[PDB]
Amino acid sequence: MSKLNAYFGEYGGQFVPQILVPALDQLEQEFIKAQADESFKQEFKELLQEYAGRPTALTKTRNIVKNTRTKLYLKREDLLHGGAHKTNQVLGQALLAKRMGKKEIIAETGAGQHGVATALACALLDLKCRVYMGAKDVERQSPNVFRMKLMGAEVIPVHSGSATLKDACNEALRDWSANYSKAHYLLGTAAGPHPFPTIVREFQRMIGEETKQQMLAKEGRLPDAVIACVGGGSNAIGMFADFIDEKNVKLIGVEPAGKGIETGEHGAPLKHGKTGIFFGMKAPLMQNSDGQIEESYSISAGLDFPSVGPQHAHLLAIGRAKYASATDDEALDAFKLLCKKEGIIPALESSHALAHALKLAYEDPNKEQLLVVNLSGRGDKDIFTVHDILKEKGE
């Protein structure tokens, strides 16, 4: 075998310029060999366990839904090294690029989370790491740029065009077009061209794989539902993947509603977007009547992405997974609740999933329910954001 399906029910594909096709074909073949090499699989596990901290805890909340009959569990990806789930698939891709014989790694980031995760992986595995970043984002993210530089990565500000994340993807991709023989491009989420959506899923699988086995040993049954936020799709497909064949487990993804779907400032194309072709894939898009992609918005930078992974769009059109929305205020109030009732500061990305779970609990408080929230990351990065929105209102 020398080919893997690039589609999820006519979602996905490889809609890249021709110059990039040999890069994708090469990356696909190496990934297939990697999944067959057992020394690769063991090095990946020793990396996730002895270095990244896996398996991560599965915490049972004590007070946030005490007034109900809902037993609410949290998959503690905030306790992973790096403070977010990204570390999982970043260690995998970097290890994958190491056995392609490559020493260089190209990456892009907006908030800085993916950039920091790429830097720490390349530091441990001795890889030359170049991260592209919008000149405006460089100015707004002084602590994360200093983190990336402390770990030996080259931060390349991009001043052309909008000088933000959309322009760093252009530089990183065109860089990969010229230099894919020596460098690999560490894509940040489960979207884009094949085989990136499939590779990221296989390197985030252990999220759902651990929950299933942890939940069997803790509560005894499979959960009634698993809930995870959906920006590009990375952490949600990580949770869903091993639950897809369990027919009686609902899969709920939560997209950001921003200031309200009725206001247009949102990031929920899965249920409010026309299917189109963008970022090298065919997928739901926030676009106008002419085909121009529209600006997305969320209070958390991790969910500010006007498209979504292909396997998610597929899972919606088959009826296997339901996708919901949470506004800024719903995630903010869920943020403040988890700090006060539990002892955890969640990532504002993760708070969208939590806010939805708090809905399912408070709307039917007498219903026996067993729910899982994929706590995709720590909230220390959002301390400054939450404080300014609270002070701008009344705190």
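Residue numbers run from 1 along the displayed sequence.
Original post:
Mean C-alpha B factor from the entry: is it higher for 213-221 or for 195-203?
Top reply: The recorded data point to 213-221.
**OP:** Going by the average Cα B-factor in the PDB entry, point out whether 29-37 or 340-348 comes out higher.
**Re:** On average, C-alpha B-factors are higher across 29-37.
Original post:
In the PDB entry, which of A119, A111, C169, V90 has its C-alpha at the highest B-factor?
Top reply: Most elevated C-alpha B-factor of the set, per the entry: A111.
**OP:** From the list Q292, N235, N179, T275, select the residue with the highest C-alpha B factor recorded in the entry.
**Re:** Largest recorded C-alpha B-factor: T275.
Original post:
Within this chain, which third does the Cα B-factor at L270 fall in: lowest, middle or highest?
Top reply: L270: CA B-factor falls in the highest third of its chain.
Subject >> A361, C-alpha B-factor rank within chain (lowest, middle or highest third) >> reply: Ranked within chain, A361 CA B lands in the highest tercile.
Original post:
In terms of the chain's CA B-factor thirds, is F243 lowest, middle or highest?
Top reply: CA B-factor rank for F243: highest third.
**OP:** Sort the modelled residues of this chain by their C-alpha B factor and say whether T56 lands in the lowest, middle or highest third.
**Re:** Middle third by C-alpha B-factor.
Original post:
Hey, what third does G101 fall into on Cα B-factor, ranked over its chain?
Top reply: Top third by C-alpha B-factor.
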